[PDB]
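Chain lettering (A, B, C, D, E and F) follows the sequence in which the chains are written, and residue indices restart at 1 in each chain.
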């Protein structure tokens, strides 16, 4: 599976945080759900009893 | 490579509001008197057949000989008409008051009304008018004629208002998601001549059955081994419970069969469509064709 | 007179899962024959290290353990209709009128 | 108009490019979606999806089974769908051993309610039912979905496999020792009228006969007993008018030579069934007979 | 009742838009006066006359 | 096995005369029923002629013919024939071998031949002590009455003197419908009629039971006020013998009618036949016409 990956690469700008001396990506998904007719999976709810 | 389509041309000039009045009726059954290639708009619809004294039953029969045809496309001048081919699917407008659902055995019936409607509006040239027949589901289509025939049997006696209370019940069939009020075929107490014939078409048959059966059952009873005929005479002898030249028998039997051929128009009903998917809000639904 | 102005049409904001940062959690790989396959699997071979025991205690076995890890299909499909009038106007062409 | 234009051979759609290709060809744009071959491009068969409760998906999950709409006087659902096999719990024709057998599998919050709707009123079952076709490729969702075949052969997509119709052995019967090279299939409801209750009597009846006159005449031999029950119910009960001894209607046709016995398998509960093979669908309107 | 059919055939400028509460809802609250909605391709746009 | 072939080649083994090879060219595009449905059927099975019998039961031919598959004649050539079976619902042309003037827009049904009278029988076409027999295509009003006349002839034959039967068979065997005269060959009584009379005699009784009290009485009551030509001519056939209805129950009455329709279809169908053609525009020559719904 590791050898199946394409070797092509391109830059793209991103926001990142450095925690635990480890990089972590930040990324909104608002652009891919705005003006569409399905609920965003990240926005959910809890039923406390 | 385009599919064949009948052409049709209106004569009276149309305003742009009128040609747009017709584009709202893309899919729509349109009876055609004969499979002519050209056709005047006067031939379209049942409106050329419209009559006063002639009854609904006359529309019930001539419509069976009409060639149903969808309006595949609407433009200026010429109007296309796509005759269905058996076994292909065809989208059709739900002009019928009944809501459609999956798998209905739709069959055409002439349009009806109960006085003024919320929207009688249709395409209207001078004097000329269009009439698009209902596409009722089959089980209701039996219920229509079963009411229309019984209502004329009481037409001889409108004088008893207690009978009218039964006519008021038959007048308003109540299929689900519908509130019909079937018009009385009778007008000013007098019957239509088509109604007078349809009532004669049945009552004459039942009268001959009461007496003609008494003879032929006798000779045919002993020969039968199934015995089912032997008990048929029992109800006939109990049908008496209430209170001749050989040539006369031939003319008497001869009427009994020919009247049923006249009555057959009201009995068996061809199905013209069977539903598949239904569009939202039931504006229309596709239906595979079936002659 | 009424005054019509310029016409407008919104353009969609193009997006790509390969460009999105959620792909850092992904490892996408094309495979044209994927419809033919049933279910994948990934066998894992494991042998745990052991420590020497003291006197009077049971000794650890040379333990070995293996597991299998399958996969989950998630098919998706999107309808879109095209009018039959668009079909008859798509390839058929009458006179070359404007 | 040109004499060469009528000399041209009739068009072959396969030689022509698909319309999705012809549009891309002019702008020479390349979409990621495949365009070279539209699927379902060549199927005379027509289909329509039928959402179903998940308590009836069993046995229907095997391709090839009859489906019928069952109209309900309730406004929701107005038309619960019914399996041909689930229908047999009510039919008297099914063997008492087989009836107790399969019924344990079909029990559900939904399917058990369908039996109650056959007892709600006097009206006969044939008025309440309407044949739909047969399933191919079940979706098997939490809300079950089925691709019924309105007409034509049952088969897997790309013609990779031809699904066969499945019919229970308890309902199947043969009218003749000598099957023809072709014979039509007929679902046929029958009513053995009786005092306390009029039981349904379902039968599947393949036959080389096709004409309606010749078919009903031979039908009266096997069913003469139920025919005797009909007039008998009349004489016993004045001011009571039962109607229709039964209904015949066309269902399709089969190659006859392909017929052979088979069996369904589910929940470690095998059920032997007659197995029509290349059963092209040809639905027919109900035709009552007395 | 404006002639919507002309808008579906006449060339149009491509303007990206940003607005709250989704176009299906903002027109579902009738923020605009005249408006029209439909599903799928519209046959009516092809009826030039 | 392959589905039964739409294309069927029939090849004679007996030598064909030059006079007869052109007889088939005039026969092109006509109904030629076959039974066995072979891809290469022999001409001995071709035509109705194999079903003839010394009984000559015309009612017997009426039933056995319906089981045969219909075929359309096509592509006459040198000692080769190509019958064809149109698929249901498609339109194709059909020549009329019979001498009847078809109308536009009417349904048609296959019927066994009825000899015209002179029975010149054309060249009839024969070989090997065998003759081709193609059943006639007829309009519905002729197709309907031809069955009821066979049935009423069997009712009068019962319960009456055999010499009296000949007086009725004579007036009934003739048919003057649609200009041309017709006559029924040997209308022999048969067990096939005995079951046909059985379903009619069964319907003859039950319709009297299913009929509502307001239905059978209604014709006798209409004469009290209304008068018309149809009311008088029909009333004479009936036996010689205001007021409230005894009861009116709309639910009970609507049920009586719904059952009554079923027995009518049970009774009407015996004079009905499986419609096959639905002609549109008949050709001016009246030697050919287009057809739909074939099969």
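Here is the rule we use: contacts are C-beta pairs under 8 Å (C-beta built on N, C-alpha and C of every residue); 3 or more make two chains touch, one makes a residue touch a chain.
Composition by chain, UniProt nomenclature: B, F = Triplex capsid protein 2; D = Triplex capsid protein 1.
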(message) Among all chains, whose Cα centre is located farthest from the one for chain A?
(response) F
(request) Work out per-chain C-alpha centres and flag the one nearest the whole-protein C-alpha centre. (result) D
(request) Could you give the separation in Å between the centres of chain E and chain F, each centre being the mean of its C-alpha atoms? (result) 62
(request) Averaged over CA atoms, how far is the centre of chain A from the centre of chain E? Could you give it in whole Å? (result) 33
(message) Report the inter-centroid distance (CA atoms only) between chain A and chain C in whole Å.
(response) 15
(request) Starting from the mean Cα coordinates of chain C and chain F, work out the distance between those two points in Å. (result) 66
(message) For chain C, give me the residues that contact two or more of the other chains.
(response) 13, 85
(request) Hunt down the residues of chain B that sit against at least two other chains at once, touch-wise. (result) 1, 87, 228, 232, 235
(request) Check each residue of chain D and list the ones that touch at least two other chains. (result) 231, 234
(request) Identify every two-chain combination in which the chains touch. (result) A-C, A-E, B-C, B-D, B-E, B-F, C-D, C-E, D-F
(request) Please give the residue numbers of chain A that touch chain C in the complex, ascending. (result) 1, 4-5, 12, 14, 25-27, 29, 31-32
(request) Name, in rising order, each residue of chain E that touches chain B in their complex. (result) 43-44, 47, 49
(message) Could you list, by residue number, the parts of chain B that touch chain C in their complex?
(response) 1-2, 73
(message) Which residues of chain D touch chain B once you look at their complex with the stated criterion?
(response) 11, 46, 48-50, 69, 71, 73, 75, 78-79, 127, 130, 132, 150-151, 224, 227-228, 231-232, 234-235, 283, 285
(request) In the complex, go through chain C and note every residue touching chain A. (result) 13, 15, 19-22, 24, 27, 29
